[PDB]
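Asks:
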Amino acid sequence: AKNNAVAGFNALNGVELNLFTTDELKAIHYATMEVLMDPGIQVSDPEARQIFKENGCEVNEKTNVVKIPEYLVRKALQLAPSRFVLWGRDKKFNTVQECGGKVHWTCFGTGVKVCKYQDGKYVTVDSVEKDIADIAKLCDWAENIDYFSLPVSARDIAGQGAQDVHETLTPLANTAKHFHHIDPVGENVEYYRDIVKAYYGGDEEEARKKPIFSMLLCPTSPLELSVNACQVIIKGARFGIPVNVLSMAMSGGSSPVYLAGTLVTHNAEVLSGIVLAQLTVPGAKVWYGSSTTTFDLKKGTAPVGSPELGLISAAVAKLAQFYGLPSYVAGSXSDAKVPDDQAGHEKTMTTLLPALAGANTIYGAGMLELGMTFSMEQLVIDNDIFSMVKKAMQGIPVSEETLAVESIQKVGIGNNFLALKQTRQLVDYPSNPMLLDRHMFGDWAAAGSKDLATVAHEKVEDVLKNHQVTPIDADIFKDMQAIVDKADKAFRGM
Amino acid sequence: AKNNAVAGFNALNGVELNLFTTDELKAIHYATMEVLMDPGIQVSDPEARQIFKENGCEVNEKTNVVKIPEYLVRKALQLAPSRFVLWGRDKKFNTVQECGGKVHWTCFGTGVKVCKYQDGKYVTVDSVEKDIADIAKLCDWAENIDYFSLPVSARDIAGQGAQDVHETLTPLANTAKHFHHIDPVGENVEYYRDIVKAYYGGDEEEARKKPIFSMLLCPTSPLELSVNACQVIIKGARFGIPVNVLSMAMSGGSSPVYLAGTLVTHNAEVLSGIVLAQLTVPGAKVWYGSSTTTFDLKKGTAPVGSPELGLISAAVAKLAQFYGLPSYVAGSXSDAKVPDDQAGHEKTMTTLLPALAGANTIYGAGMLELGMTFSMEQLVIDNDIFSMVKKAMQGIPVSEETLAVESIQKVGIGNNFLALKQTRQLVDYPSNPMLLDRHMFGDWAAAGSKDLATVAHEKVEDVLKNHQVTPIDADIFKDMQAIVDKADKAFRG
Amino acid sequence: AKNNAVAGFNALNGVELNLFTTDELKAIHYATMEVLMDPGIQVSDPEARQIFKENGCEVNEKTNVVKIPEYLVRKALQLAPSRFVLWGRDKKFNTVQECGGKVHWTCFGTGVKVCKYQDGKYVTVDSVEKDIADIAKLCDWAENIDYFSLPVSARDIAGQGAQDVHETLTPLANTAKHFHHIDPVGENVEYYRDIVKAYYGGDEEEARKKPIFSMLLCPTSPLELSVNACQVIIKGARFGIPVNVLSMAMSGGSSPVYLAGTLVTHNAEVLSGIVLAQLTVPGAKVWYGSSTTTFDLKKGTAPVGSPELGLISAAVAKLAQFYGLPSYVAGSXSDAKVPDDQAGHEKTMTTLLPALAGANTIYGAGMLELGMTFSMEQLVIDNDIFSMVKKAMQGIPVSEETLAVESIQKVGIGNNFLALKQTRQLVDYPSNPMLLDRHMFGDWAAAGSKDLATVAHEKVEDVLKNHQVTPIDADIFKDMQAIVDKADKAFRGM
Amino acid sequence: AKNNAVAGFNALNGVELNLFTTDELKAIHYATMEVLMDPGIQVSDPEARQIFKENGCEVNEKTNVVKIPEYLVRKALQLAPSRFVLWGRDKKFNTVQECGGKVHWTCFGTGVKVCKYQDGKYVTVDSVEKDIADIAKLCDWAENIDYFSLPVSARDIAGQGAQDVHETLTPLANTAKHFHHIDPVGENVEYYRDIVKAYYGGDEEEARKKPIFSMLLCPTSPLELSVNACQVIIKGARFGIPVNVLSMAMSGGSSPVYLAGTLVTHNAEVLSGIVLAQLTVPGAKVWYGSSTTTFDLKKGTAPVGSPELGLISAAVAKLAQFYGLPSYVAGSXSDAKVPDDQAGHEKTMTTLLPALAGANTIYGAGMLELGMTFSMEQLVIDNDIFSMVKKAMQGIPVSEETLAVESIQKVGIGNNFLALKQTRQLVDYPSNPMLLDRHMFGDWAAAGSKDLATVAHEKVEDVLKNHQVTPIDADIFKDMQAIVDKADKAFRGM
Ligand code: NA
Ligand code: NA
Ligand code: NA
Ligand code: NA
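Chains as they are written, first to last, in the deposited numbering: chain D, 2 to 495; chain C, 2 to 494; chain A, 2 to 495; chain F, 2 to 495.
1) Hey, quick one: how far does the beta strand (DSSP E) through A/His182 stretch, first residue to last?
2) Cβ of D/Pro257 versus every heavy atom of ligand 2: is any distance shorter than 7 Å?
3) Which full runs of the alpha helix (DSSP H) of 4+ residues lie inside the region 37–77 of chain A, going along the chain?
4) Measure the beta-carbon distance from D/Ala137 to D/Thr176 and round it to whole angstroms, keeping in mind my assumption that it falls under 8 Å.
5) Check each residue of the region 341–363 of chain D: if its Cβ is closer than 8 Å to any Cβ of chain A, include it; give the result in chain order.
6) Would you check if the region 364–371 of chain D and the region 335–352 of chain D touch, i.e. whether three or more CB-CB distances between them fall below 8 Å?
7) Just reading off the beta strand (DSSP E) that F/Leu217 is part of, what are its end residues?
8) Expressed to the nearest angstrom, what Euclidean distance is found between the alpha-carbon atoms of A/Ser215 and A/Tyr148?
9) Which same chain residues end up closer than 8 Å to D/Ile477 when comparing Cβ atoms and leaving out the 5 residues on each side of it in sequence?
10) In the DSSP output, which residue or residues are listed as bridge partners for D/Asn245?
11) Could you run through the region 17–41 of chain A and flag, in chain order, every residue whose CB is less than 8 Å away from some CB of chain F?
12) Just checking: is the beta-carbon of A/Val97 within a distance shorter than 8 Å of some beta-carbon in chain D?
13) What three-state label does DSSP hand A/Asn175 in the structure shown?
14) Is the distance from the Cβ of F/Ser45 to the Cβ of F/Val228 below 8 Å?
15) Go through its chain and collect everything with a Cβ distance to D/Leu326's Cβ below 8 Å, but skip five positions before and after it.
16) What's the call for C/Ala488, buried or exposed, on a 16-neighbour Cβ count within 10 Å?
17) Which runs of the beta strand (DSSP E), 3 residues or longer, sit entirely within the region 68–145 of chain A?
18) Mind listing which residues have their beta carbon within less than 7 Å of any non-hydrogen atom of ligand 2? Chain order is fine.
19) Three-state secondary structure (DSSP) at D/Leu320?
20) Under the DSSP definition of a beta bridge, which residues are partnered with F/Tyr148?
21) Which residues in the same chain have their Cβ closer than 6 Å to the Cβ of C/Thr471, if we skip the five residues on either side of it in sequence?
22) Would you be able to state if there are at least three C-beta pairs under 8 Å between the region 315–326 of chain A and the region 429–445 of chain A?
23) Find the residues of chain F that neighbour D/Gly284, judging by a C-beta separation of less than 8 Å, and give them in chain order.
24) Which residue or residues does DSSP assign as beta-bridge partners of F/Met481?
25) With H, G and I counted as helix, E and B as strand and the rest as coil, what does DSSP make of D/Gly237?
26) Could you check the C-alpha separation between F/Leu87 and F/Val97 for me, to the nearest Å?
27) Under 8 Å Cβ to Cβ from D/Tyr72, same chain only, skipping five residues before and after it: list those, please.
28) Below 8 Å CB to CB, which residues in the same chain sit around D/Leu20 once its five sequence neighbours on both sides are set aside?
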């Protein structure tokens, strides 16, 4: 009869992308342990220095330099959890961050401009808190955007109050998905904590168990931890708020031209932050992240739509998998000023390498202009791209059924599979893009001979006009607004 | 002192892309050997059927179905060369096609329309032998295009002369790079042989030794070998011209919806061709090719800029490496009607996968509109994209030098590497795109706020107006031109 | 949201069992190649010797010793197909034999006695043609019995006609499954070809395309190919009949005591048979088979229900996979004289090793008494055993779905999965034995306190009395039956 | 000359069985860690909750639910010893339990009924303290039974005294092999400690250095730790008594139908016990154990002679080897009510998988009726089966010697190996079962046509009548018997 008994079989599910051998991973590690001991790392916050000192680090109090011994890096790595869950106000949006290759996406964060349509053209203008609400609504709709990362700055609130706290409630209000704050303020973490506690009716345990808010911080390249960064880490750990320690080194600028050497600088900085985190509160939820890229000597810019950004982010994901931590890297980025042929290429180049490598969170969707501008058109374009990427990540599934010899035989020479029952059952198996155009020249011309950007634009308009976002309870929202008012007051009363 | 003695070290040069385990490759293989025996393959050319029969295949002379035993597949694979060199008129354009991961690129082939600027916009018009000449010049300039593949059809010669023979001399004349004929005619292969024989001053040995010409043929899916195809294979092997057996199956159409099954249909078709080739002339140069894709039931078309094409082309390179043969697959393709955001995406999606997998030749550069139109703008864009893919393929080189600890220590905390000597020696190390814009908004606007398409268009212009292509010797050209005329004369008969 | 994107993932489907490293496989091989050149093999059939000589073998005509060079062994292996299909009269019984781990089972063959209940107990008596007809019917029912191998000898025909030809038509008439003749007679192969040709209305092409008959032969240990063995090979290749070159070596008797040495003897013998085949007709369907076992120096018998037999068969399956050929090995065998506790153990020991190893066909089902007797009871029992083995061969399928963390969480602490919808959907997922009793003492005693043996017996009766077999066309049969009568007359004509 | 210089050669000693890739193991791990945090584990004992809380666990005192952070699992796994020795009164019975593949067997534990021969037939009757003594004497004789595990309950002591304490001295007295108590009482652990201390004449150090006693506890599925379990873990750790954290989950009942999901449940449960142990006393000797099985909805029982049981037990060994701990799993089990064809099969099915997988201890020998009954016949039978399993585990040793080409060449074509000197020297190499019958029909019938069951019954009678057990020193036994009396006296006064 047809067999239904197969001895042990070796299989490959998806697509494997390799950049290192264990030997090489260790080489990078040793080099990092070497850097951590000399020069070491400049920890500007005194409270952080005391944490390091207490636990074994040598601390030069006049130069603020800390030398982290390898055993503390080991201890930290054994304390950090291998996974944690990001919650949304809508449980269906909960996103998992786990060591391994489960890839997820989030939008770029955080620009100072927005790419919008004025009088028959796309004009890049300064962003305002209002823009955040709109983008939050769009991302709430975009399926492939697992959670929300502060897209643009509420520049209009600058100097007027606690802008960072405004950048907390606006997002939480305009989307039910998890919120990741790219621009947190160390001294104001208590407000973020209070906002979330307010959402959960004053129940801090609830807030800790179902965190709807997390934050990011960047070590200062090369080899420094600013006062703000140290406080974000320490307060994140103590309040139970997921903290993303993301690097921002620059090859040929703040780190070696070579990528391996750059990863070393990145590794030293990120590990220092994670160590501080675990030393403050053992078991603190943390990300091993990066947006480190290459500096373009010949242009005077730090291109982030280049193959180097893709390779570096992919490498960082491999390093996080090597260390047992969840990763958060830059991807789906571009240096193009408009949603053109360039944006498409770069977005795909910088997203595919990190995705195939297994980055747990790839951020950059919707970004344009080397991380300066945010485009709603590019956001929906990128979202559709991730759908194509997820299909590719399916690789080739090999099984008696997928080989389908009987089908090939039933059809026979010179026929077609259109009528076949198996075929009609797999009607939804192939990739089905939302915006990408797969029509004959005719149908496309008759539709207006529109390009992707314009098609995307029409999509944005529809979403913003007809998408419903799960609103926060009328009363709870007031409790939350109260915290923002309190923050603005404290800010203005100097 | 500084170390200068390290024990055995395991390294990864480049970026490795894996899609199969050996057990899965075998499973696919068995499925194919199963299909080759039942239903088997329908060979239309009687000469080919005789070749197959003479060697052991069962040939039903009424249905024309040929059943190929597995031992013949093995014999064919033991005969086919693992590598061969493609020659251009200019030795500097020589390209190797070898089993493994050495990647190369070639333009698409062959469209019927051309996307060109008209009265303020890009208008897609039908192709002519003149268009071929222009593209050949553009590609002759594009560094990441190793050899030239027939881009568009010389439609203006249809029913007026031997179109295929015109499509042979025009390319050879307009570019010093090797030429790959996508639309050869079985009966006219001798014209081609002579064209080349002429180029080498009437020396056939030199033509065989330094082939500047090669052909492509497609088995008819599912499981068929048309008369034209068998003849291209037979004469190709007999004349010493590399033949590319490239599949054109369609998931949901001529092969199962599942990619694995599709790969089986493909494997059966391509191998049957390769078997014929080796049976004809043991040692004939051949390519394990593919442009197989999926059928969008929902859009009534066959998207070729999809993640599916990329996967298929990637898997075929792996099957090729598994069978010990050079590969030629679709890649750097798109379904967009214009060089927009969509084009850039699909071009990269379909090129990155086959490239990282190690496809020896990825073709599709310059193509748009599901393989209907060719675009010089997209072509130069693609060319720039390939430069970026090549940087990506460099991966992360790990060595004491690249780890650069001493540099990190010398620069120290809070400083920068700008003035570092090592940094200045590596000024050309980073990727440096030709078209892609890496400037800030200021400088970009100050340049007219141009998108990639226009920037590219301007490049096309500059190239077509100034690039110098090494021309064939006047005398020699007459000899070749003669064969074309002779062939056209015959056509009118 | 819930993840739906995973980077390359290494998986293990089923259970893998390993016995050798590539270095050890090669070691066995070199040993084999050395033995084939010295002392070589005694080919008693002059026609086969000729075939060998013509292709390059040194043949000593006065001793019949043929030394086979390694390049011929290589040539044969490259010529032999990696797979082929065994057809039944009922296409639904078709069975694939392919290099790899696709396992299948067939009954034992061929005994000279039958274990059956007489008057209050089991009595083992010599077999008769009628026994074959009943065992064929039984096996037609048993699902895990892919095809049918000549169970016992039609001993009552001895001395009256062509017993081997009777042994062909009876099986084919009593089951619609493919028939594997274990006692073919080199000289009568033409009769078998004709029976099958008759079944297909005189179409030899159809007979070659849909083989319902295949045969087995044994090299003579140590290192000999008898005339009968050579003729079965030569004619099978020439008539398009799948031939099983199966060894019957014996550790301590016809090969070294060590199992490696034994595999070397087995290897030389089996490969010589395969070479002959491919040299006779390139591409001839052949099996790499074995029923080689160890001799019990202490008991003066050849135990076939021992771990040694299980190990040998498993190793042979690995050697077959190593050489790229389908395997046919002894398994599910016992040395017990009755279907008892010993039976169950030995049957399981000797079937599990070869199954996990990946043997393409495991024969031995129904056998007892060291290969002398066939038991219908033990046959239905073995069939049930094969179901449990098929379940075990599933191993642990690891996927997000099978890990079911949500189910565990939804059910929570101190509760059960009985009402969970997922649970009721998998009502047929667990193993469900046909005979093995899983009832509480109460229900068991209430059913008669019957042991597996008698429960098995009751099943036999039921199947024999009610199972329906697809009959052969009355007229086609007549034509086949005629071939038998013809052979019987020629036989008597001495 | 003959070679005696061979470069690096890769070899395989034994039979390797594989079920998981490292990725799959990790996947089972993450799922388990996720479950240890939500829903977490219900620890009923208040002393245990304190132990957890003190070390960083979130403990909900109202629900008694403990959430174990991944860093504590890691810590416990780093503290637990990779190996430890089980002592017997006779140093020769000392059994090592070490992370890896060194397999050992022990009898089942613990039934409520015994399967014996009354008046012409086998009758299943309730057990008594005397039955423990007998079975202990039988297991003392069985060589493949490394140590003794409380086989049946001393029911005749129920309600009239400290049953468990009687179930301690009796075993120790009736066998000189290590004793594993399957049903220890948390509150009476001090009694066991004193009994052992008594054996070593008051030297508590010796008792700790040469443990002749160890115990087992079962987490309550799903996700629960009873007061008794916790006390066993804690006292065991503090007194220096090896503790076996053994799961008893059940697919489709207290855990998901899928095997993977069931493993997760098992993991969460067992690891919680191990964490408790290490936190109580770092370095405490423990086992990663299991007897988790499937539930047959179609039969209303939890079959333990199923392929599922074998798979689960084998998986638990692989997981243990992954975590670096010694394993103790169920195997050599059957659902049959009598020692018949079924018993033999299941026993082998469920012992071979874990054995080939490397379980450090497989318990179940002598058991019948889904874990309800203990059969001395099935015990000696199982013990013999293990001897066959041990031979199978030899796999194929490949060396110039075992390949024995010179031997093959010496004997030559068509000859015999019996007379060969090498063969005579290897007469004890082949498997030599004690009960399994390998005689030709004649000799067997002459011996009575006895099946394995009856043959076993005879060996039982012979052992029980003639086997000698090294007795405990008369004086020492007095002190020991005293503790038991003191325990009983205590039981009565309440
Ligand atoms: Na796959
Ligand atoms: Na590298
Ligand atoms: Na598995
Ligand atoms: Na071995």
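Idealized CB from N, CA, C, for every residue including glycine.
Replies: In brief:
1) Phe180 to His182
2) no
3) 47–55
4) 4 Å
5) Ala356, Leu357, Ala358 and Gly359
6) yes
7) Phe214 to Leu218
8) 11 Å
9) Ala199, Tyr200 and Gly202
10) D/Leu217 and D/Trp288
11) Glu17, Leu18, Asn19, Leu20, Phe21, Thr22, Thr23, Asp24, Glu25, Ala28, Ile29, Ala32, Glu35, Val36, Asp39, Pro40 and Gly41
12) yes
13) helix
14) yes
15) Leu78, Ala81, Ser83, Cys100, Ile275, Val287, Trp288 and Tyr289
16) buried
17) 84–87, 96–99, 106–108, 114–118 and 123–127
18) D/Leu20, D/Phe21, D/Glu25, C/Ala12, C/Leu13, C/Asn14, C/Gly15, C/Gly396, C/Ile397, C/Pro398 and C/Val399
19) helix
20) F/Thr107
21) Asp91 and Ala177
22) no
23) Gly57, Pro70, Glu71 and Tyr72
24) Answer by DSSP bridge pairing: none, since F/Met481 is not bridged.
25) helix
26) 6 Å
27) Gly57
28) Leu312, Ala315, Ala316, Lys319 and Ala358
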